[PDB]
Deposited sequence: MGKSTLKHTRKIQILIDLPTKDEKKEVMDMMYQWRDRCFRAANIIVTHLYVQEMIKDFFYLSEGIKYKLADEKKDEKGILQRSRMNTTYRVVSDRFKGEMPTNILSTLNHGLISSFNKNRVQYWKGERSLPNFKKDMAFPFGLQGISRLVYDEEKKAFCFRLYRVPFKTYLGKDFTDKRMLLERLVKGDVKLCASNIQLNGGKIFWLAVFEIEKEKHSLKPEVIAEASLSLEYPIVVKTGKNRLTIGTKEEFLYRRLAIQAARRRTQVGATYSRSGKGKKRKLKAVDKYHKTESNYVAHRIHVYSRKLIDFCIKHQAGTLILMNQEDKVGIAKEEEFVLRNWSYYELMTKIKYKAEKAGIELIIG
């Protein structure tokens, strides 16, 4: 079933917030050792859990589920590797194996050997002091008593204000991972955002137009969305017309005397299919327009129409022509009134 909360996966840049470069090098090598031990532990856990699962087929093997494996790996790596990271890795791998057990038994998928370059996971008990510093103009935190800062760069994307509510507590932080790539340290962070009931805000405006290059163009707030293309909308129509043309040409050069209905029923069918295709196109474009209005909570929509240059002359042609091409005004009004959107014709 669809969960009441959505999940967003992002990749922010985490950097050592320490003054001395020697401390930075120490933290870097300790992170690298962390990833090495994480790989070794993860491979050992996945193979051991496979052995415990496949006790039937391992007859030739010469001699809850958390405790034995986690403790064995712990005593193997006590003092040289943090314990909560092992706990998070073990929990994640057991979740994955419980998910893919059937596939592994049937033989569809082989056992994925986690390589040395795995993005090593970390739990909630490891991260600390996740607060936004205005003096540094960035987010800062403490991972396992190691200071760290965020270098989001020239990012205008959702990550910044995601972290804003995250430090504001509106978002629960899931089991996230630290990835190392080419000396760059990223935080593969999974945020759980509660799906608030999107209330159609009556005060925010939306403008929809019948452009020349795109059939529907919609503008709402600081976002613009194009709906289809002339080529996409016209490919099937051109195919239908070409089929009609070749059928008529073949019939005109075919054998007569067998009835005119047998000669033109294909042409009539092709005409009907062309009309039905355009109707389906109108339906799907209107559906996407209303859907975009729903997700942006645009409670007010205007069909800004034609009027431009105070009565300008006729151009080449308008894709979807006017608002009354295929009852398009009616279809949009219908889907709006079922959605809960007031409509103002323009």
item: Missing CA stretches, deposited numbering from 1, N-terminus first; value: 64 to 82
